[PDB]
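Next up: a single chain in structure tokens, the form deposited without this ligand.
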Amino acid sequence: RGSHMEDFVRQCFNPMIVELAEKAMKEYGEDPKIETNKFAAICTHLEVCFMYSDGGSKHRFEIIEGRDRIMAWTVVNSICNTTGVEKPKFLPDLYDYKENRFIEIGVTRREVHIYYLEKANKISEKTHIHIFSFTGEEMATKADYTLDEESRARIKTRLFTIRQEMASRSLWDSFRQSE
């Protein structure tokens, strides 16, 4: 069965992102052809992670998401050993060499406060938390939004464009009521 959401994801995100998203889903035992809403969500989260790491200086961010589980933890161990930072309980998404902290990126369809709470309660104190929403809201640990305003604004704009493209295809309602 070929869903509209699967075909939309493929023409909406660039192929490297789609490829990385497909391998992650299969690595954790889910099918992009069936779990099509989560397919879209993982592509979205991946692109946000990459845009975020592009927002700093040259060697500011180490990218943890988008790797297979073993090498992602391998990079975490190396980061932890040369900087002396506690090994996080769960895999984070980036590491900030400038502020010397792991970052967990969040992309939510619901209101921001709730997701931050669930993410904070679930995650480990040292890891910095940065949530984006499809409505333009954001929340970061200690109100410290790591990047400058233009880089985060660009992430916000893209997320709202994605929402519009789905709404134009009558796929937004199913996506919001799927998280």
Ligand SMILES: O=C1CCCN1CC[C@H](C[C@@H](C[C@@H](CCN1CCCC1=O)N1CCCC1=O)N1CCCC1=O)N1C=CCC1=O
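Residue numbers run from 1 along the displayed sequence. For the two forms, the rigid core is made up of the largest set of C-alpha atoms that agree within 1.5 Å on superposition.
Engineer: With the rigid core as the fit anchor, does 23 to 31 or 141 to 149 show bigger C-alpha shifts in 7 other deposited structures of this protein?
Structural biologist: Checking 23 to 31 against 141 to 149 in 7 other deposited structures of this protein, I find the farther stretch is 23 to 31.
Engineer: Please figure out whether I123 and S124 are truly consecutive in the deposited sequence or have unmodelled residues between them, and give none, 1 to 3, 4 to 9, or 10 or more.
Structural biologist: According to the record, 1 to 3 deposited residues lack coordinates from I123 to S124.
Engineer: Once you work out the mean C-alpha B-factor for both 112 to 120 and 58 to 66 from the entry, which is higher?
Structural biologist: Looking at the record's C-alpha B-factors, the answer is 112 to 120.
Engineer: Per the PDB record, is the mean Cα temperature factor higher over 68 to 76 or over 81 to 89?
Structural biologist: Per the PDB record, 81 to 89.
Engineer: Which one of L147, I131, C43, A143 shows the biggest C-alpha B-factor in the PDB entry?
Structural biologist: Of the options given, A143 has the highest CA B-factor in the PDB entry.
Engineer: Which third, lowest, middle or highest, does the CA B-factor of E27 fall in along this chain?
Structural biologist: It belongs to the middle third of the chain when residues are ordered by C-alpha B-factor.
From this point on, the text means the form solved in complex with this ligand, which you will not see here.
Engineer: Exactly one of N14, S170, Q164, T157 has a non-hydrogen atom within 4.5 Å of this ligand in the deposited complex; which residue is it?
Structural biologist: Only one listed residue qualifies here, and that residue is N14.
Engineer: Counting non-hydrogen atoms within 4.5 angstroms of this ligand in the deposited complex, say which of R67, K126, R60, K33 makes the cut.
Structural biologist: Among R67, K126, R60, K33, a heavy atom within 4.5 Å of this ligand in the deposited complex occurs only for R67.
Engineer: Heavy atoms within 4.5 Å of this ligand in the deposited complex: does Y145 have any?
Structural biologist: No - in the deposited complex, heavy atoms of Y145 and this ligand never come within 4.5 Å of each other.
Engineer: Under the 4.5 Å heavy atom criterion, name the residues of 20 to 41 that approach this ligand in the deposited complex, in sequence order.
Structural biologist: Heavy-atom contacts to this ligand in the deposited complex: only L20.
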